[PDB]
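Read the structure below first, then the notes.
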Amino acid sequence: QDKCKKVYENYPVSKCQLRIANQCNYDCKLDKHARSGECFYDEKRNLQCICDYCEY
């Protein structure tokens with residue numbers, strides 16, 4: 001596990017860092033229907049909404 005995911009460049013990095021209101025994980029499953037959804041930094045130290053694609 002933890003080997004499949006999908007970055008969502010079409011998402012505000014602000015809402016991601018929002019530990020109080022992470023609309024990222026909620027957004028992913030909303031449309032993408034990912035597993036849980038989470039935000040993480042990229043090669044360029046850019047926090048993006050990375051969704052999980054593997055299960056239902």
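Labeling convention for the structure tokens: chains A, B, ... as they appear, residues from 1 per chain, ligands from 1 in order of appearance.
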Just want the 8 Å neighbourhood of region 20-24 of chain A, counted on only C-alpha atoms, with same-chain residues fewer than 5 positions away dropped. Output as a list in words.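 Within the cut-off, the hits are residues 11, 15, 37, 38, 39 and 49 of chain A.
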To one decimal in Å, tell me the separation between CA of residue 10 (chain A) and CA of residue 46 (chain A).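 These two atoms are separated by 12.6 Å.
The shell of residues at most 8 Å from residue 54 (chain A), with only C-alpha atoms counted and near chain neighbours (fewer than 2 positions) removed, consists of residues 4, 5, 34, 35, 52 and 56 of chain A.
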From chain A, collect each residue whose DSSP state is helix (DSSP H, G or I) and return the set as an NGL selection string. :A and (13-17 or 23-30)
Extract the full set of strand (DSSP E or B) residues from chain A according to DSSP on the backbone, and format it as a PyMOL selection string. chain A and resi 6-8+38-41+47-51
Can you spit out the residues from that selection as a PDB file, in the first residue's frame, using N, CA, C and O atoms?
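Wrote it out as out-v3.pdb, contents follow:
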```pdb
ATOM      1  N   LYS A   6      -2.506  10.303  -6.736  1.00  0.00           N
ATOM      2  CA  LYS A   6      -2.703  11.237  -7.839  1.00  0.00           C
ATOM      3  C   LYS A   6      -2.685  12.678  -7.341  1.00  0.00           C
ATOM      4  O   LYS A   6      -3.580  13.105  -6.609  1.00  0.00           O
ATOM      5  N   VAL A   7      -1.662  13.427  -7.741  1.00  0.00           N
ATOM      6  CA  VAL A   7      -1.530  14.821  -7.337  1.00  0.00           C
ATOM      7  C   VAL A   7      -2.564  15.695  -8.035  1.00  0.00           C
ATOM      8  O   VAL A   7      -2.853  15.510  -9.219  1.00  0.00           O
ATOM      9  N   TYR A   8      -3.121  16.649  -7.297  1.00  0.00           N
ATOM     10  CA  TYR A   8      -4.125  17.553  -7.845  1.00  0.00           C
ATOM     11  C   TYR A   8      -3.597  18.983  -7.906  1.00  0.00           C
ATOM     12  O   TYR A   8      -3.869  19.794  -7.021  1.00  0.00           O
ATOM     13  N   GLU A  38      -4.840  13.213   0.853  1.00  0.00           N
ATOM     14  CA  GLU A  38      -3.967  13.967   1.746  1.00  0.00           C
ATOM     15  C   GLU A  38      -3.109  14.954   0.961  1.00  0.00           C
ATOM     16  O   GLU A  38      -3.004  14.868  -0.262  1.00  0.00           O
ATOM     17  N   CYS A  39      -2.494  15.892   1.675  1.00  0.00           N
ATOM     18  CA  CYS A  39      -1.646  16.898   1.048  1.00  0.00           C
ATOM     19  C   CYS A  39      -0.183  16.690   1.430  1.00  0.00           C
ATOM     20  O   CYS A  39       0.132  16.391   2.581  1.00  0.00           O
ATOM     21  N   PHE A  40       0.706  16.850   0.454  1.00  0.00           N
ATOM     22  CA  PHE A  40       2.135  16.679   0.688  1.00  0.00           C
ATOM     23  C   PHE A  40       2.949  17.535  -0.278  1.00  0.00           C
ATOM     24  O   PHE A  40       2.461  17.931  -1.336  1.00  0.00           O
ATOM     25  N   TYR A  41       4.193  17.816   0.094  1.00  0.00           N
ATOM     26  CA  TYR A  41       5.075  18.626  -0.736  1.00  0.00           C
ATOM     27  C   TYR A  41       5.629  17.811  -1.900  1.00  0.00           C
ATOM     28  O   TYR A  41       5.735  16.587  -1.821  1.00  0.00           O
ATOM     29  N   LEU A  47       3.397  21.953  -1.672  1.00  0.00           N
ATOM     30  CA  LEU A  47       2.333  21.164  -1.059  1.00  0.00           C
ATOM     31  C   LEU A  47       1.114  21.090  -1.974  1.00  0.00           C
ATOM     32  O   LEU A  47       0.457  22.098  -2.230  1.00  0.00           O
ATOM     33  N   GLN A  48       0.818  19.889  -2.461  1.00  0.00           N
ATOM     34  CA  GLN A  48      -0.321  19.683  -3.346  1.00  0.00           C
ATOM     35  C   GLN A  48      -1.285  18.655  -2.762  1.00  0.00           C
ATOM     36  O   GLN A  48      -0.929  17.899  -1.857  1.00  0.00           O
ATOM     37  N   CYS A  49      -2.506  18.631  -3.286  1.00  0.00           N
ATOM     38  CA  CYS A  49      -3.521  17.697  -2.817  1.00  0.00           C
ATOM     39  C   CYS A  49      -3.365  16.338  -3.495  1.00  0.00           C
ATOM     40  O   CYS A  49      -3.959  16.085  -4.544  1.00  0.00           O
ATOM     41  N   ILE A  50      -2.564  15.469  -2.889  1.00  0.00           N
ATOM     42  CA  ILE A  50      -2.331  14.137  -3.433  1.00  0.00           C
ATOM     43  C   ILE A  50      -3.406  13.160  -2.974  1.00  0.00           C
ATOM     44  O   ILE A  50      -3.553  12.896  -1.779  1.00  0.00           O
ATOM     45  N   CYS A  51      -4.157  12.623  -3.930  1.00  0.00           N
ATOM     46  CA  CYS A  51      -5.220  11.673  -3.625  1.00  0.00           C
ATOM     47  C   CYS A  51      -4.713  10.237  -3.732  1.00  0.00           C
ATOM     48  O   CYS A  51      -3.663   9.980  -4.321  1.00  0.00           O
TER      49      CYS A  51
END
```
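Here the question is which of A:1, A:45, A:32, A:26 gets nearest to residue 13 (chain A) using only C-alpha atoms, and that residue is A:45.
Using only C-alpha atoms, the shortest contact distance between residue 55 (chain A) and any of A:27, A:36, A:12, A:17 is found at A:36.
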